[PDB]
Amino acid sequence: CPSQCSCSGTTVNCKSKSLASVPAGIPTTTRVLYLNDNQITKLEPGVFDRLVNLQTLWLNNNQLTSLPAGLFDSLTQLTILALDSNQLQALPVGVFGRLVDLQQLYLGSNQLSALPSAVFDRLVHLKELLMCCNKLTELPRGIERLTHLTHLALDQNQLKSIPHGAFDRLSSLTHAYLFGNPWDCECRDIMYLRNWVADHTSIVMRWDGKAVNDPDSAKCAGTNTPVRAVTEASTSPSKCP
């Protein structure tokens, strides 16, 4: 056990310990690793290579700005990875490529404006993808193939539309967060999101400390009128960015 942390069973608790770096002494037997709520500014390559039994890894609420390539490649049994509330500016290609059993991925509250094109291609069992509070301008490629998603959080980004058909195979969705985006309702491309929301009013959620069903929470930029109320006649292909 790291001297700054407490350990019990296969759980290592390094949460809220004012840590500036990942401490030594985490047993290779560890299955749950709390490193959240610290001041970790970077993760060294190979730091997780020894921890092949991890199933849940909490790196949220730190000061991470980048991740080295291959950082997680040994964590083949990982099912939850939390990276929210950091300062991640970009991700390397294949950063999640080996996390084939991952079920929950937290990326909200970073500085991401795009993702590598194949970032989710191997996450065939993913159920929750929460990426609020970044600066995304397009739906990341690959999300349309995460057919097992129950939770998809895209709120508080910079999305203007959703590519046609992107949500149609996400038939297990129960929670979709779309508020806080500047949806461009004069552009003809908004019609897919409009049509999809109108058919899935029960799964569009707002957030006041918790999920609250609100299909009007996806709002048009400027008028702040509901996206699902847009008429096609009011839109035009020539009014798109």
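Start at 1 and count along the sequence shown; that's the residue number.
**Student:** Quick check: 140-148 versus 120-128, which has the larger average CA B-factor in the record?
**Tutor:** On average, C-alpha B-factors are higher across 120-128.
**Student:** Comparing 18-26 with 215-223, which has the greater mean CA B-factor as deposited?
**Tutor:** On average, C-alpha B-factors are higher across 18-26.
**Student:** Of the choices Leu64, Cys187, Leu193, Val52, which one's C-alpha carries the largest B-factor in the record?
**Tutor:** So the option with the highest C-alpha B-factor is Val52.
**Student:** What third of its chain, lowest, middle or highest, does the C-alpha temperature factor of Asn60 fall into?
**Tutor:** Lowest third.
**Student:** Going by the entry, which third of its chain does the Cα temperature factor of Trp183 land in?
**Tutor:** For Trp183, the deposited C-alpha B-factor lands in the lowest third.
**Student:** Can you tell me which third, lowest, middle or highest, the CA B-factor of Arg169 falls into for its chain?
**Tutor:** It belongs to the middle third of the chain when residues are ordered by C-alpha B-factor.
**Student:** For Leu75, return the chain-relative third of its C-alpha B-factor as stated in the PDB record: lowest, middle or highest.
**Tutor:** CA B-factor rank for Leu75: middle third.
**Student:** According to the PDB entry, is the CA B factor of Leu115 in the bottom, middle or top third of its chain, that is, lowest, middle or highest?
**Tutor:** Tercile = lowest for this residue's CA B-factor.
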